[PDB]
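Asks: Whatever this is, show me its structure:
(chains A, B, C, D and E, ligands or ions: 2)
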Amino acid sequence: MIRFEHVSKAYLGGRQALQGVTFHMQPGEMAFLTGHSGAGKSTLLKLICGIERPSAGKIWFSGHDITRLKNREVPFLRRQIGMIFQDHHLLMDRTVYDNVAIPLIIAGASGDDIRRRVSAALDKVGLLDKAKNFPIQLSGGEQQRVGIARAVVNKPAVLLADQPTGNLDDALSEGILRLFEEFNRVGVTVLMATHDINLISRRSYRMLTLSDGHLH
Amino acid sequence: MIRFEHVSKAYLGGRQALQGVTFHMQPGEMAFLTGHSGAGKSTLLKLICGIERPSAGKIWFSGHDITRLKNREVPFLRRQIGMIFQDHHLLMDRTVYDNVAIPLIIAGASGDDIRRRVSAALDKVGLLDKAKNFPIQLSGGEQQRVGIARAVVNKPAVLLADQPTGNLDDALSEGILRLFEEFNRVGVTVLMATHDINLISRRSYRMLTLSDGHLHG
Amino acid sequence: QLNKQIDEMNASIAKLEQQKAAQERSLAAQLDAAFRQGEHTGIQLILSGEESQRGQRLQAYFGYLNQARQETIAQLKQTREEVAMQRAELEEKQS
Amino acid sequence: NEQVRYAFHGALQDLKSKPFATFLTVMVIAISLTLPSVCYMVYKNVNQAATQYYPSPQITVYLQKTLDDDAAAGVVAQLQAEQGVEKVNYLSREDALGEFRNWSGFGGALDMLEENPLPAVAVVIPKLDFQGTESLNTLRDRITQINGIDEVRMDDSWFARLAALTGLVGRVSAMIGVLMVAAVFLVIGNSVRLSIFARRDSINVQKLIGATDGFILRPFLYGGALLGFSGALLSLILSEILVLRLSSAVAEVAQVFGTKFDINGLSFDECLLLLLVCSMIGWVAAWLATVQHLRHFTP
Amino acid sequence: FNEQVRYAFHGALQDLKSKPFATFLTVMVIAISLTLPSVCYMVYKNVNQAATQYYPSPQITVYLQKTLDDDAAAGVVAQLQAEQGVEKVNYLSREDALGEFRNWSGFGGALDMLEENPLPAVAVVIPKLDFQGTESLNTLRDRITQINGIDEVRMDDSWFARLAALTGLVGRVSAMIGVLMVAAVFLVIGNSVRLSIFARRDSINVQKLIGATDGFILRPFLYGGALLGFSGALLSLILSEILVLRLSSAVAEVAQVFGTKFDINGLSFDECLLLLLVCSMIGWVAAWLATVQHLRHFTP
Ligand SMILES: Nc1ncnc2c1ncn2[C@@H]1O[C@H](COP(=O)(O)OP(=O)(O)OP(=O)(O)O)[C@@H](O)[C@H]1O
Ligand SMILES: Nc1ncnc2c1ncn2[C@@H]1O[C@H](COP(=O)(O)OP(=O)(O)OP(=O)(O)O)[C@@H](O)[C@H]1O
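Replies: Residues are numbered from 1 along each chain as shown, chains lettered A, B, ... in the order given. Ligands and ions are numbered 1, 2, ... in the order given. The structure is reproduced below:
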């Protein structure tokens, strides 16, 4: 349940990333928000997680506005947000099985169902022979999918993704796009962001652009 | 004169990235090797830099043999390698300008031409305004472009590109691909290794393939 | 006792002179001692127990011993200027 | 109470993936902890050896038999009319002529001693609380007012030098003790802070995915406490090596005094106190290096 | 070639200028760890300036027979100091040497019947330190017992080997503390610099995977370690000077009870630069070891 009023994101460098943005989406539909390199698509997905303050403006999530919320319940929001990031933000000091199983340990699930859930999340993305391995020797195509497998566990209500299928081949990019469209029959909001156009032009849900924060 | 006879690389995990590759490369020759996300795309570039030595076979570069090379000689055969990396291998806690200027410092350039070289490189990439801030406050998509800008300084003899246009849009991908297209008029090879096939479907260059380790091409 | 009194006084004078001789041996042991005590500032005045306090007890013992030597001089000097003066006067009066 | 053992089973492979670095960090913590431990044991050893040694200043009282005989025995009754003195032992009359003819060597010339005017000294010393300055001189008037004596002397001034030399040594030791304690606190607070500062990305990823406030601190407080525990344990097992190193050397000092001296080791309770103090300082230095570092990643 | 040196120095100071609550903390830890050998060295120099107040350990007093007047005693005193073990003897004798008894010790002169004083002086002999101790005491007793007429052959070494055993105990305890102190200096820098390099391991990674030089990687890290050691030693000198100014008042109380003009004599200029140079070399060696360890990590 994402709703945007007139917000304005500005960094400490005095550069207007997003001047005026306003969009609203029903809970349980995909989107394919794209743009050029100078557009602020990833920081637009970052304001939804609440890691970056919206400065001037009001942003709605479900039924509570994340504008003046205290830091004690800031990270309670992101437990239901399955965001993958620009660089694949992993824990390089620990193995891939404990890397994927971070939110299950966070949510407090029992240890017998952690292995089944992680193996089920790694079946659909295709990482079985390279389990119990470290992310140092995984190549970047695998490390980008490790974050995806980390974001598809414990059935998040709201799913965000900024350029997956970047290090991934076109044959498997279509497969992980049907993986996202396999989650989007049970109620989940998907906010797929990307740069390529050829593998997203075969569908149309919320295909929208971004030019310095402008929409239409 | 860069060629591969029958080489392969083994690993400490027991997995084989390569199963025997044989390819020849003229100076000033394009390349568009590609494959799935399990094949030896970036690993082949790691062998041809000298970052990773092969477990089997022997390798020749430029005019010399670079297998089992001494540790005191491998930095002397990396100044002419303009390697772009998949992940943004960047100097954190340092500005953009000296991050691009580090290969000029290795080359021993003077303090006056270094600014007009680095600013010209960031101008031709398209990142001149972001020359005073840190990469931690740059955007993720333009953290790659400073990597290209670091790879196109001081005129490298062999230019290697481990998947650019990864975090780049549709319009700017042909802009940065056309940056390498005036490099073919001088004697430098390019080893573009991309996943998407749309930007190569409108160009006629060398089409190498990778699949599980087998290349042939 | 005429000549017998002089003969006894000769032995008394010899014993008195031997007591004098023992007195300068007492003062020699005292010197030999006072200088043991000899010490400008250092470590010897501390040392450990027993023997330093024994040396202070020895010199304080000599502090009473050498003034006791004064009255042991005076006790036999009471019979030196009186008995010998009377013995010479009695022998001169009888002669 | 084992619901999340992921922290304790997680803050070991960070200490085992670099075993040489963790080992030589525990080396520097043990070496920097050995100096206050050996200094404290030296302090408590010389404090125990200052009990049967470091004698009190001596007051010499004359109580000869020339004045009276029974009064020399009876003056013990009224020399307790003054506080501070706990040793009131009086030597008998045979001691004065038993020591002179056995150590001075001039007992052969005192055979014809018809009267003995030689007095006796008194072993009267005060306690350790009222020592130095003019406190020995404040009790002169009451001792001079005591009847049955002929004269009294002030025969010591070396104790003022001894309690100026020990005051200087105590000042130097008190200056160096808190400075060694500050060295231990700073080497704990720096030697673990760079370990959290080495893995910034673990903090960034664990905070960026939705966690709680305590789950970030879980594998770091235990790591700092374990590093302090390992350093303190290695310091305890290394200090006894140097104790047995000097165990032979102090033995020759015993027989030149005629006694036998032993080394007082570290007791059980103070070893547990050192372990608990080092573990809590490691815990505090791990908390202060992370909750300060958590405010970096929340703009 | 000085341009690369200037760039490495500017990079080292650019790192040390960043995080001012971290570089200052590392400098403070190195300085507090190094201000222990400075303080114990000032104490060690302080107790070696108590060598003029320490102790002439033999007090041998050898005197000839009676009525040894004029040059007769002086020749015996002159041949008594002619040995290799005794080199200074002051010859005080006769009546003015005897005069210290009446005013110093007091007592009774007994001059009414003392007549001639039987013993003017004894020897006053002060030999040189204590290499003539109880192992070699009976050897030099045989030298002086050959000449007859001496009634003063007594040697009561009241010091015994006590203040010796104690001096060996102090010199052993101080040595086994000080070797740990030197090792603590050698190890606090050895992990401050090493963990500072370990924080910048990614910089070594990205400089190795581009065109570089083996000696180019070392120089900023070596200069950072050298400036860390230099700053630690400089703040150690500052702290030791403040502690000397603090302990200047404490020697004034023991100056009164001895009556001597005594100075602490701390922080001489010939040892300050030596301490700075040694600590800079320790920082350089620790940076060299950490950088060589991280360079061999990234080998193919
Ligand atoms: N931490 C930051 N500090 C300052 N400016 C920032 C920061 N992050 C991003 N920006 C600025 O915001 C703008 C876009 O940033 P953003 O992260 O949204 O890019 P992006 O859409 O992911 O990029 P691309 O499309 O090239 O992949 C740029 O002008 C960039 O300089
Ligand atoms: N150092 C290493 N040790 C062990 N296995 C490794 C190591 N480096 C890479 N691998 C593995 O060997 C294979 C080689 O993959 P490579 O690095 O060539 O990239 P890729 O499969 O083309 O992927 P990407 O989509 O990131 O380009 C992968 O399965 C990778 O996980």
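Asks: roughly how far apart are residue D:27 and residue E:187?
Replies: Between residue D:27 and residue E:187 the distance is 7 Å, computed by Cβ to Cβ, to the nearest Å. Any C-beta I mention is one placed from the backbone N, CA and C, and that applies to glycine too.
Asks: neighbour-wise, which of those two wins?
Replies: residue E:187 (23 against 18; other Cβ atoms under 10 Å in any protein chain shown).
Asks: so where does that one fall, helix or strand?
Replies: helix E:162-199 (DSSP states H and E).
Asks: Kindly report the same for residue A:172.
Replies: Element membership for residue A:172 (DSSP H and E) is helix A:170-183.
Asks: does any part of that helix sit near ligand 2?
Replies: No: judged by Cβ under 6 Å from any ligand atom, helix A:170-183 makes no contact with ligand 2; its nearest approach is 9.6 Å.
Asks: Nearest the geometric middle of chain C, what residue?
Replies: The residue lying closest to the centre of chain C (Cα atoms, centre = their mean) is residue C:23, at 3.5 Å.
Asks: Could you pull up the residues touching residue D:144?
Replies: residue D:152 (Cβ atoms under 8 Å, 6 or more residues apart in numbering or on different chains).
Asks: ok, now how distant is it from residue D:59?
Replies: Distance from residue D:144 to residue D:59, by Cβ to Cβ: 12 Å.
Asks: and what of residue D:67?
Replies: Applying Cβ to Cβ, the value for residue D:67 to residue D:59 is 19 Å.
Asks: same question, residue D:230
Replies: Separation of residue D:230 from residue D:59 (Cβ to Cβ): 56 Å.
Asks: One more: residue C:76?
Replies: 37 Å.
Asks: hang on, the earlier thing: residues of the helix holding residue A:172 that come out buried?
Replies: Going by neighbour count (16 or more other Cβ atoms under 10 Å in any protein chain shown), the buried part of helix A:170-183 is A:170, A:172-173, A:175-177, A:179-180, A:183.
Asks: who touches it?
Replies: A:30, A:124-126, A:145, A:148, A:152, A:159, A:161, A:164-165, A:168, A:190, A:192, A:199-200, B:36-37, B:195-197.
Asks: Paired strands for the helix or strand following that helix, with orientation please.
Replies: Scanning forward in sequence from helix A:170-183 by DSSP H and E, the next helix or strand is strand A:189-193. Strand A:189-193 pairs in its sheet with strand A:32-33 (parallel), strand A:158-162 (parallel), by DSSP bridges.
Asks: wait, what's in contact with residue D:163?
Replies: Residue D:163 touches D:131-132, counting by Cβ under 8 Å, 6+ apart.
Asks: Would you reformat the strands paired with strand A:189-193 as CSV and include distance to residue C:1 and mean neighbour count?
Replies: As requested, those are exported to CSV (distance: least, Cβ to Cβ, whole Å; neighbours: other Cβ atoms under 10 Å in any protein chain shown):
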stretch, distance to residue C:1, mean neighbour count
strand A:32-33, 153, 20
strand A:158-162, 145, 23
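Asks: Of all the ones you listed, which one is nearest residue C:51?
Replies: strand A:158-162 (92.1 Å; Cβ to Cβ).
Asks: which residues are in contact with that closest one?
Replies: So strand A:158-162 is in contact with A:1-2, A:41-42, A:45, A:48-49, A:80-86, A:148, A:151-152, A:180, A:183, A:188-193, going by Cβ under 8 Å, 6+ apart.
Asks: redo that, cut-off 6 Å
Replies: Contacting residues not belonging to strand A:158-162 are listed as A:42, A:45, A:81-84, A:188-193 [Cβ atoms under 6 Å, 6 or more residues apart in numbering or on different chains].
Asks: Could you chop chain D up by domain?
Replies: D:13-53+D:161-297, D:60-155 (automatic domain parsing).
Asks: Now render those domains as CSV, adding distance to residue C:85.
Replies: Shown next, in CSV, are these (distance: least, Cβ to Cβ, whole Å):
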stretch, distance to residue C:85
domain D:13-53+D:161-297, 57
domain D:60-155, 25
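Asks: Compare these and give me the one nearest ligand 1.
Replies: Checking the domains of chain D against ligand 1 by Cβ to the nearest ligand atom gives domain D:13-53+D:161-297 as the closest, at 11.9 Å.
Asks: And the closest one, how far out from the chain middle?
Replies: Put simply, domain D:13-53+D:161-297 sits 17 Å off its chain's centre (Cα atoms, centre = their mean, to the nearest Å).
Asks: CSV please, covering the strands paired with strand A:189-193 and showing distance to residue C:84.
Replies: Listed next are the strands paired with strand A:189-193 as CSV, based on distance: least, Cβ to Cβ, whole Å:
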stretch, distance to residue C:84
strand A:32-33, 144
strand A:158-162, 137
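Asks: closest to ligand 1 out of those strands?
Replies: When the strands paired with strand A:189-193 are compared (using Cβ to the nearest ligand atom), the closest one is strand A:158-162, at 6.4 Å.
Asks: returning to that earlier point: how is the residue nearest to the centre of chain C assigned, secondary-structure-wise?
Replies: Put simply, residue C:23 is helix when judged by DSSP: H, G, I helix; E, B strand; the rest coil.
Asks: For it, which non-adjacent residue is spatially closest?
Replies: residue C:69 (5.8 Å; Cβ to Cβ, 6 or more residues apart in numbering or on different chains).
Asks: can you give me the angle the helix or strand where the one you found lies makes with helix D:158-191?
Replies: If you go by DSSP H and E, residue C:69 is part of helix C:51-78. Counting by axes from the mean of the first three to the mean of the last three Cα atoms, to 10 degrees, helix C:51-78 points 170 degrees away from the direction of helix D:158-191.
Asks: Next, the buried residues of helix C:51-78.
Replies: Buried, per 16+ other Cβ under 10 Å, within helix C:51-78: C:52, C:55-66, C:68-69, C:72-73.
Asks: now do stretch C:38-52
Replies: By 16+ other Cβ under 10 Å, the buried positions in stretch C:38-52 come out as C:43-47, C:52.
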